[PDB]
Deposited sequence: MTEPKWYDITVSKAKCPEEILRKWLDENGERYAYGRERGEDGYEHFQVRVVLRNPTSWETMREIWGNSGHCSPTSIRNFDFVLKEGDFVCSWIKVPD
């Protein structure tokens, strides 16, 4: 089965946040991302559909660098910072 869990490092200069967010909403069942400085979005996503790594590499091109992940959690958002999550938190 092709992977569903991917980490992606997305270049903001090549992919504005709103384009990334729309793609994540359309293609991810669950996702979260942070920002690290050229600013990059550091994404983890579980895709709705199994998708080959080669497909992911082609559709992101040099705008993002992706890799299937064996990690199965979004707990990086528990650290300090401003993160975007696909689900609703208590203060949202």
Check your understanding: Quick one: where does the model skip the deposited sequence?
Key -> 1, 39-42
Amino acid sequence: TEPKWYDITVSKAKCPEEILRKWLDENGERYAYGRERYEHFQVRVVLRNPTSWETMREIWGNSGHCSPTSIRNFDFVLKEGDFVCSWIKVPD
From here on, numbers count along this sequence of modelled residues.
Practice item. Divide the modelled residues of the chain into thirds by Cα B-factor and specify which third, lowest, middle or highest, holds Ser11. Key: middle
Point to revise | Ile71 CA temperature factor, ranked by third within the chain | key: highest
Check your understanding: According to the PDB entry, is the CA B factor of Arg37 in the bottom, middle or top third of its chain, that is, lowest, middle or highest?
Key -> highest
Exercise for review: Determine, from the deposited record, the chain-internal third of the Cα B-factor for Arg30: lowest, middle or highest.
Suggested key: middle
Point to revise | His65 CA temperature factor, ranked by third within the chain | key: middle
